[PDB]
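Chemist: Mind looking over this structure? Questions follow.
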Amino acid sequence: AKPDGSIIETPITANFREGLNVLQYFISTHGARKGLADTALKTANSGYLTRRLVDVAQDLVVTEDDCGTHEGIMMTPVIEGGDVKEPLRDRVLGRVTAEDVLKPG
DNA sequence: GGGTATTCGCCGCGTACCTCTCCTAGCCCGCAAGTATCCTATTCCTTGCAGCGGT
């Protein structure tokens, strides 16, 4: 793909066991430089993201034994239109129940 | 007045480490050093006044 998001109509028809000629290598070079610059900027930003996050939740500390309530949320497997992207057994593994479940009996 | 749009200005943008260099400008006044000049001698000549033999 060329810099501005377009896809070149002529692909690179040469692997690395054989040799890339000049132009093919040029295009690959552009792609690699885009990747490198993106990693640099992306990590720079992610650092700021995490620093913001840890400074809004730093004061929270589990500090009791049981609040004694009954409200929860309905955990269900996630569906996107297609298959199950995440089953139920991996979304409630290790979270206490709110209202005892009744089997489908 | 009043609800709205548009503009202006402030706030923010990763961690840790290693190597190197450079850090005010300009005036001014004492002051050391180096020098050209001015007064200091010697040798020649021609005057002006005080002693002084001589009679």
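Going by the structure tokens order, chains are called A, B, ..., each with residues numbered from 1, while ligands are numbered from 1 in the order shown.
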Restrict the distance test to only C-alpha atoms (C1' of nucleotides), flag each residue of chain A within 12 Å of chain B, and return the flagged residues as a PyMOL selection string.

Modeler: chain A and resi 40-52

Chemist: Based on the selection just made, write N, CA and C atoms of those residues as an mmCIF file, in the first residue's frame.

Modeler:
```cif
data_model
loop_
_atom_site.group_PDB
_atom_site.id
_atom_site.type_symbol
_atom_site.label_atom_id
_atom_site.label_comp_id
_atom_site.auth_asym_id
_atom_site.auth_seq_id
_atom_site.Cartn_x
_atom_site.Cartn_y
_atom_site.Cartn_z
ATOM 1 N N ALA A 40 6.478 4.224 17.270
ATOM 2 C CA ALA A 40 6.998 5.275 18.142
ATOM 3 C C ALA A 40 5.870 6.144 18.692
ATOM 4 N N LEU A 41 5.045 6.697 17.803
ATOM 5 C CA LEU A 41 3.984 7.586 18.274
ATOM 6 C C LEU A 41 2.987 6.843 19.154
ATOM 7 N N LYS A 42 2.660 5.606 18.789
ATOM 8 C CA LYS A 42 1.669 4.848 19.536
ATOM 9 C C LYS A 42 2.119 4.607 20.967
ATOM 10 N N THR A 43 3.371 4.197 21.168
ATOM 11 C CA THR A 43 3.825 4.015 22.542
ATOM 12 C C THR A 43 3.860 5.339 23.286
ATOM 13 N N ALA A 44 4.296 6.409 22.615
ATOM 14 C CA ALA A 44 4.298 7.706 23.278
ATOM 15 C C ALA A 44 2.922 8.036 23.832
ATOM 16 N N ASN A 45 1.876 7.780 23.051
ATOM 17 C CA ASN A 45 0.530 8.114 23.507
ATOM 18 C C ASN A 45 0.042 7.149 24.582
ATOM 19 N N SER A 46 0.348 5.859 24.439
ATOM 20 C CA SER A 46 -0.143 4.890 25.409
ATOM 21 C C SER A 46 0.398 5.169 26.797
ATOM 22 N N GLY A 47 1.626 5.675 26.888
ATOM 23 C CA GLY A 47 2.139 6.053 28.196
ATOM 24 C C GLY A 47 1.254 7.075 28.886
ATOM 25 N N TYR A 48 0.856 8.114 28.156
ATOM 26 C CA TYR A 48 -0.024 9.124 28.726
ATOM 27 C C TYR A 48 -1.371 8.530 29.097
ATOM 28 N N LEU A 49 -1.900 7.640 28.261
ATOM 29 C CA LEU A 49 -3.172 7.011 28.600
ATOM 30 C C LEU A 49 -3.084 6.299 29.941
ATOM 31 N N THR A 50 -2.073 5.450 30.115
ATOM 32 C CA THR A 50 -1.999 4.708 31.367
ATOM 33 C C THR A 50 -1.786 5.635 32.548
ATOM 34 N N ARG A 51 -0.973 6.679 32.382
ATOM 35 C CA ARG A 51 -0.768 7.600 33.494
ATOM 36 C C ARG A 51 -2.061 8.289 33.889
ATOM 37 N N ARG A 52 -2.897 8.655 32.920
ATOM 38 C CA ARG A 52 -4.200 9.198 33.280
ATOM 39 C C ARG A 52 -5.034 8.167 34.018
#
```

Chemist: So which residues of chain A fall under strand (DSSP E or B) by DSSP, listed as a PDB file with C-alpha atoms, in the first residue's frame?

Modeler:
```
ATOM      1  CA  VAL A  78     -21.515 -12.219  23.862  1.00  0.00           C
ATOM      2  CA  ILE A  79     -22.951 -12.389  20.338  1.00  0.00           C
ATOM      3  CA  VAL A  84     -20.129 -16.698  20.087  1.00  0.00           C
ATOM      4  CA  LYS A  85     -17.088 -14.468  20.471  1.00  0.00           C
ATOM      5  CA  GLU A  86     -16.931 -15.273  24.193  1.00  0.00           C
TER       6      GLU A  86
END
```

Chemist: Mind the document's chain letters and residue numbers, and return as a PyMOL selection string the residues of segment 21-99 of chain A that DSSP labels helix (DSSP H, G or I).

Modeler: chain A and resi 22-54

Chemist: Enter the distance from atom CA of residue 93 of chain A to atom CA of residue 68 of chain A, in Å, rounded to one decimal.

Modeler: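 Result for atom CA of residue 93 of chain A versus atom CA of residue 68 of chain A: 21.2 Å, one decimal.
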
Chemist: Could you name the residues that touch residue 21 of chain A at 10 Å or less, counting only C-alpha atoms (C1' of nucleotides), but leaving out those on the same chain fewer than 5 positions away, as a PyMOL selection string?

Modeler: chain A and resi 12+14+26

Chemist: Compile the contact shell of residue 28 of chain A as a PyMOL selection string: residues with an atom at most 12 Å away, counting only C-alpha atoms (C1' of nucleotides), same-chain residues fewer than 4 positions apart removed.

Modeler: chain A and resi 1-3+8+11-12+14-16+20-24+32-35

Chemist: Could you write out the selected residues, including N, CA, C and O atoms, as an mmCIF file, in the first residue's frame?

Modeler:
```cif
data_model
loop_
_atom_site.group_PDB
_atom_site.id
_atom_site.type_symbol
_atom_site.label_atom_id
_atom_site.label_comp_id
_atom_site.auth_asym_id
_atom_site.auth_seq_id
_atom_site.Cartn_x
_atom_site.Cartn_y
_atom_site.Cartn_z
ATOM 1 N N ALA A 1 0.835 -1.192 0.000
ATOM 2 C CA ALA A 1 0.000 0.000 0.000
ATOM 3 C C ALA A 1 0.872 1.245 0.000
ATOM 4 O O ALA A 1 1.838 1.332 0.764
ATOM 5 N N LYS A 2 0.529 2.201 -0.858
ATOM 6 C CA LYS A 2 1.239 3.463 -0.924
ATOM 7 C C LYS A 2 0.814 4.364 0.236
ATOM 8 O O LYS A 2 -0.183 4.095 0.908
ATOM 9 N N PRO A 3 1.562 5.440 0.498
ATOM 10 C CA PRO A 3 1.407 6.142 1.786
ATOM 11 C C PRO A 3 -0.008 6.582 2.109
ATOM 12 O O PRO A 3 -0.427 6.471 3.267
ATOM 13 N N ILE A 8 -1.550 -0.405 -4.313
ATOM 14 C CA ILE A 8 -0.948 -0.401 -5.637
ATOM 15 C C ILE A 8 -1.529 -1.541 -6.453
ATOM 16 O O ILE A 8 -1.586 -2.688 -5.995
ATOM 17 N N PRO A 11 1.108 -5.903 -7.548
ATOM 18 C CA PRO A 11 1.686 -6.442 -6.315
ATOM 19 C C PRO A 11 3.164 -6.753 -6.482
ATOM 20 O O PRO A 11 3.730 -6.679 -7.570
ATOM 21 N N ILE A 12 3.783 -7.116 -5.365
ATOM 22 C CA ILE A 12 5.154 -7.607 -5.373
ATOM 23 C C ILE A 12 5.107 -9.106 -5.628
ATOM 24 O O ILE A 12 4.611 -9.869 -4.797
ATOM 25 N N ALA A 14 7.577 -11.291 -5.842
ATOM 26 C CA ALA A 14 8.869 -11.897 -5.556
ATOM 27 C C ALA A 14 9.019 -12.101 -4.058
ATOM 28 O O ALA A 14 8.867 -11.156 -3.283
ATOM 29 N N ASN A 15 9.316 -13.329 -3.662
ATOM 30 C CA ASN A 15 9.566 -13.659 -2.271
ATOM 31 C C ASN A 15 10.993 -13.255 -1.916
ATOM 32 O O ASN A 15 11.668 -12.566 -2.680
ATOM 33 N N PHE A 16 11.473 -13.684 -0.751
ATOM 34 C CA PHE A 16 12.819 -13.338 -0.320
ATOM 35 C C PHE A 16 13.856 -14.391 -0.666
ATOM 36 O O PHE A 16 15.039 -14.058 -0.744
ATOM 37 N N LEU A 20 14.359 -9.303 -4.476
ATOM 38 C CA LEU A 20 13.540 -8.177 -4.886
ATOM 39 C C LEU A 20 14.370 -7.217 -5.722
ATOM 40 O O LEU A 20 15.513 -6.910 -5.381
ATOM 41 N N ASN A 21 13.797 -6.745 -6.825
ATOM 42 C CA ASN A 21 14.473 -5.741 -7.633
ATOM 43 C C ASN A 21 14.275 -4.376 -6.995
ATOM 44 O O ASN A 21 13.809 -4.285 -5.860
ATOM 45 N N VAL A 22 14.610 -3.309 -7.715
ATOM 46 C CA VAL A 22 14.691 -1.991 -7.094
ATOM 47 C C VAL A 22 13.319 -1.533 -6.608
ATOM 48 O O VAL A 22 13.112 -1.296 -5.413
ATOM 49 N N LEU A 23 12.361 -1.405 -7.525
ATOM 50 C CA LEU A 23 11.088 -0.776 -7.183
ATOM 51 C C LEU A 23 10.371 -1.519 -6.066
ATOM 52 O O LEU A 23 9.812 -0.898 -5.150
ATOM 53 N N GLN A 24 10.334 -2.845 -6.149
ATOM 54 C CA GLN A 24 9.661 -3.617 -5.116
ATOM 55 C C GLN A 24 10.261 -3.311 -3.755
ATOM 56 O O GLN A 24 9.536 -3.112 -2.769
ATOM 57 N N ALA A 32 7.692 -0.308 5.670
ATOM 58 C CA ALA A 32 8.400 -0.508 6.928
ATOM 59 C C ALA A 32 8.557 0.798 7.694
ATOM 60 O O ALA A 32 8.409 0.826 8.924
ATOM 61 N N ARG A 33 8.883 1.887 7.001
ATOM 62 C CA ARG A 33 9.046 3.141 7.724
ATOM 63 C C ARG A 33 7.732 3.583 8.346
ATOM 64 O O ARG A 33 7.714 4.108 9.469
ATOM 65 N N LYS A 34 6.622 3.404 7.629
ATOM 66 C CA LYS A 34 5.335 3.725 8.238
ATOM 67 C C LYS A 34 5.143 2.934 9.521
ATOM 68 O O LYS A 34 4.742 3.490 10.552
ATOM 69 N N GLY A 35 5.433 1.635 9.478
ATOM 70 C CA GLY A 35 5.292 0.831 10.682
ATOM 71 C C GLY A 35 6.121 1.359 11.840
ATOM 72 O O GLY A 35 5.636 1.462 12.972
#
```

Chemist: What's the separation between atom CA of residue 94 of chain A and atom CA of residue 72 of chain A, in Å to one decimal place?

Modeler: 14.5 Å

Chemist: Atom CA of residue 29 of chain A to atom CA of residue 17 of chain A: how many Å, to one decimal?

Modeler: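 Going from atom CA of residue 29 of chain A over to atom CA of residue 17 of chain A, I get 17.8 Å.
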